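In what follows, a structure is listed as structure tokens, so that the remarks can point back to it.
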Amino acid sequence: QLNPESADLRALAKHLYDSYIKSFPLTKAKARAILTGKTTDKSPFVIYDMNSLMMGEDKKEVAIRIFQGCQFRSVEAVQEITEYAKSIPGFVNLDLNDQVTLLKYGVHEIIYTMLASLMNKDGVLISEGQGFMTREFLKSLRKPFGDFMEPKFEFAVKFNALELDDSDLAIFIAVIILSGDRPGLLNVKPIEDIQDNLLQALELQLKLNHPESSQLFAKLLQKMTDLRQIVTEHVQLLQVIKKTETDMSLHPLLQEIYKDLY
Amino acid sequence: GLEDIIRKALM
Ligand SMILES: *c1ccc([N+](=O)[O-])cc1C(=O)Nc1ccccc1
């Protein structure tokens, strides 16, 4: 069981973890420390209704400008994910167009994976950890805004119950990136060869790190299914928005908060 | 816009 092949998979897991820590300053451990009130370094202010929203002032249709703004604020995350992908052995040797295709689909799913770290069943961290926007306040907002985030909370609560740590997430994210079923991929085999090795490393990592969870490997692969559906649901959201006839005004502070989400 | 960002980051 402990042999050259398994040692190689442990070495790959460590390599990915080390690159993950270098690429992503916002780790899961840091987020959970804030959410469970462990960090006394300026604890986050809770925004739970319109009154606390205004007490919280510490921050071209409305919805479209929200999406423009969150996509612009996500540039740094996209750059971090791309930097991480360069560290995945074999990735930069793929055809450049396939590297771009892999990242152009993978980044959204990874952003949602990392957004889950900022979420619990009560709400989500915002303003670089200075605020906490409640789930039910978001859900209470007028259509179509009230439905924006709830499916991501539903995903995040289930995902977080797997209790993955940053060591786990490093490999999971690499597996997402090396998805050979992306539309428009030219050379699928060298991608699947890498992903197969990453999947072996993930299997071993979950066995060593999660004695409590039988079928965790399968459960985590099912989460990749839920991430894609969250991304594709954005196409439906855009159609809902265009067909909305009712007032879509939104408090400027709520627009700014939504630009911090995804 | 996204593809451009990724291509520049890959340089
Ligand atoms: C940005 C901010 C907030 C939301 N939201 O509350 O739904 C969405 C976005 C956004 O643009 N998300 C996105 C972009 C591209 C692909 C999937 C999802």
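All of the numbers you see were taken from the coordinates with simple rules; none came from a lab. Note that we place each Cβ from the backbone using ideal geometry, even for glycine, and neighbour counts take in every protein chain shown.
The residues in segment A:103-124 that are within 21 Å of A:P190 (Cα to Cα) and either small (G, A, S) or away from chain B (no Cβ under 14 Å) (or both) can be counted, and the count is 1.
Yes/no per residue for (1) assigned to a loop (DSSP other than H, G, I, E, B); (2) of a type outside the set (G, A, S); (3) surrounded by fewer than 15 Cβ atoms within 10 Å (Cβ to Cβ):
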| residue | (1), (2), (3) |
| --- | --- |
| A:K14 | no, yes, yes |
| A:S19 | no, no, no |
| A:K38 | yes, yes, yes |
| A:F67 | no, yes, no |
| A:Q71 | no, yes, no |
| A:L102 | no, yes, no |
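The single condition among (1) surrounded by 19 or more Cβ atoms within 10 Å (Cβ to Cβ); (2) within 17 Å of the chain's Cα centre (by Cα) that A:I88 does not meet is (2).
For segment A:85-102, the candidate set comprises residues that are closer than 17 Å to A:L169 by Cα and within 9 Å of another protein chain (Cβ to nearest Cβ); within that set, the residue that is nearest to the ligand (Cβ to nearest atom) is A:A85.
Has segment A:126-136 got at least one residue that is β-branched (V, I, T), out of contact with any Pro (no Cβ under 7 Å at 6 or more places or on another chain) and more than 19 Å from A:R228 (Cβ to Cβ)? Within segment A:126-136 (the criterion being β-branched (V, I, T), out of contact with any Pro (no Cβ under 7 Å at 6 or more places or on another chain) and more than 19 Å from A:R228 (Cβ to Cβ)), the answer is yes, since at least one residue qualifies.
Quick check on A:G37: is it over 22 Å from the mean Cα position of the chain (by Cα) and either away from chain B (no Cβ under 14 Å) or not charged (D, E, K, R) (or both)? When the stated conditions are applied, A:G37 does not pass them.
Okay, residues lined up against (1) more than 14 Å from every other protein chain (Cβ to nearest Cβ); (2) over 24 Å from A:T134 (Cα atoms); (3) near the ligand (Cβ under 10 Å from one of its atoms); (4) crowded, with 16+ Cβ neighbours inside 10 Å:
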position	(1), (2), (3), (4)
A:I230	yes, no, yes, yes
A:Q239	yes, yes, no, no
A:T246	yes, yes, no, no
A:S249	yes, no, no, no
A:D260	yes, no, yes, yes
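On the stretch given as segment A:50-84, residues that are away from chain B (no Cβ under 14 Å), under 15 Å from A:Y258 (Cα atoms) and of a type in the set (D, E, K, R) total 5. Could you tell me whether segment A:148-165 includes any residue that is more than 16 Å from the ligand (Cβ to nearest atom), surrounded by 19 or more Cβ atoms within 10 Å (Cβ to Cβ) and in a helix (DSSP H, G or I)? Taking every residue of segment A:148-165 in turn, at least one turns out to be more than 16 Å from the ligand (Cβ to nearest atom), surrounded by 19 or more Cβ atoms within 10 Å (Cβ to Cβ) and in a helix (DSSP H, G or I). When only residues in segment A:138-147 that are within 13 Å of the ligand (Cβ to nearest atom) and of a type outside the set (D, E, K, R) count, which is surrounded by the most Cβ atoms within 10 Å (Cβ to Cβ)? Among those that are within 13 Å of the ligand (Cβ to nearest atom) and of a type outside the set (D, E, K, R), it is A:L138.
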